[PDB]
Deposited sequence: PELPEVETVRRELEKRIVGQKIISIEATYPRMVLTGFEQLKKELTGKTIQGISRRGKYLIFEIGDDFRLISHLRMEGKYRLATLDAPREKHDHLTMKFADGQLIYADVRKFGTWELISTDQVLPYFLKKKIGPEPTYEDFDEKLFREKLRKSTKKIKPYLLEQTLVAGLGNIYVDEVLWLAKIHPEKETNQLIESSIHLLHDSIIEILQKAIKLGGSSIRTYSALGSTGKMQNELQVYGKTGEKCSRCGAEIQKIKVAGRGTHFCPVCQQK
């Protein structure tokens, strides 16, 4: 789950669970609640879900007057809305039970996290994480982006993955964006010229907007269509749609990295 998938889950949850009173909460893996599971159970039992927001790849449940449950799905987390009599599945860890169904969180690798904080702690929480701007025309200012790139000698793919230039890209969309903007993932950012930075900035907004519209790439979220539009990620050895070269895969700062060697000149 990168930002488009997290947004897809957000929208689905907004439609289905807003207004629901939480009747009980149970955990088979309480250690993934970083603020303390029994504390969360005591605070949130009986409260009503008022909204669901998102910041970068983080989901934010708005519960009761002043609670915010910040949920990160990391690599494999999945939510589903199930009947109250639904059978347990192996990697289910937490559930919020409502009167007419339950929201279950599963995560094979156990990396995902829940943290309960108050409303007035949300903005500080994200400042402390140093998360950069949302990828929208309004919030993602190209001028600061350009200045940050000009001053760094980091490589472009790992710098984009830091979430500090702009929030929301992970391995799939970083590789897709760099192919679309014709930039090689190992390019040192201080080597990018103004026109390439402008194409990169717009391509980040466009590609994530597109992915959100198509319901993300593939429980909640499972209906996505963006996977059918990927041009490079997981396409090793297939032909680039623009130039016909084979897509290559290399390792860049520990991550699998897919690119077209003609279109993305080193």
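Gaps in the model relative to the deposited sequence occur at one place only, 219 to 223.
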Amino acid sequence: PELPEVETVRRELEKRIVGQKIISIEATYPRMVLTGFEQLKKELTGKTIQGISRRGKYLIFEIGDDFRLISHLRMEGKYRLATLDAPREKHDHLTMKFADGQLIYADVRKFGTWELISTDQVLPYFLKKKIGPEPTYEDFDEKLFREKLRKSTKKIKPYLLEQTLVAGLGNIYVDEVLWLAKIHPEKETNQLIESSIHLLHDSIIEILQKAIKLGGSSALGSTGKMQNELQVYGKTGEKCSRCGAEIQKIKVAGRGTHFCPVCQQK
From here on, numbers count along this sequence of modelled residues.
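Note that the rigid core is defined as the largest set of C-alphas that superpose within 1.5 Å between two forms.
A fit on the rigid core, followed by a root mean square over CA positions in 5 other deposited structures of this protein, ranks 222 to 230 against 194 to 202 and picks 222 to 230 as the more shifted one.
Rigid core superposition in 5 other deposited structures of this protein puts the Cα atoms of one stretch, out of 18 to 26 and 243 to 251, farther from the shown form on average, and that stretch is 243 to 251. In this entry, 237 to 245 has the higher mean Cα B-factor, the comparison being between 237 to 245 and 52 to 60.
Here 126 to 134 and 147 to 155 are compared by their mean Cα B-factor, and 147 to 155 comes out higher. When the Cα B-factors of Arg80, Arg109, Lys182, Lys90 are read from the PDB record, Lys90 comes out highest. In the deposited entry, the Cα temperature factor of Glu115 sits in the bottom third of values across the chain's modelled residues. Among all modelled residues in its chain, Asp141 ranks in the lowest third by Cα B-factor. Among the modelled residues of its chain, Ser71 has a C-alpha B-factor that falls in the lowest third according to the deposited record. Annotation for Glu186: CA B-factor lies in the middle third of the chain's modelled residues. Compared with the other modelled residues of the chain, the Cα B-factor recorded for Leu84 ranks in the highest third.
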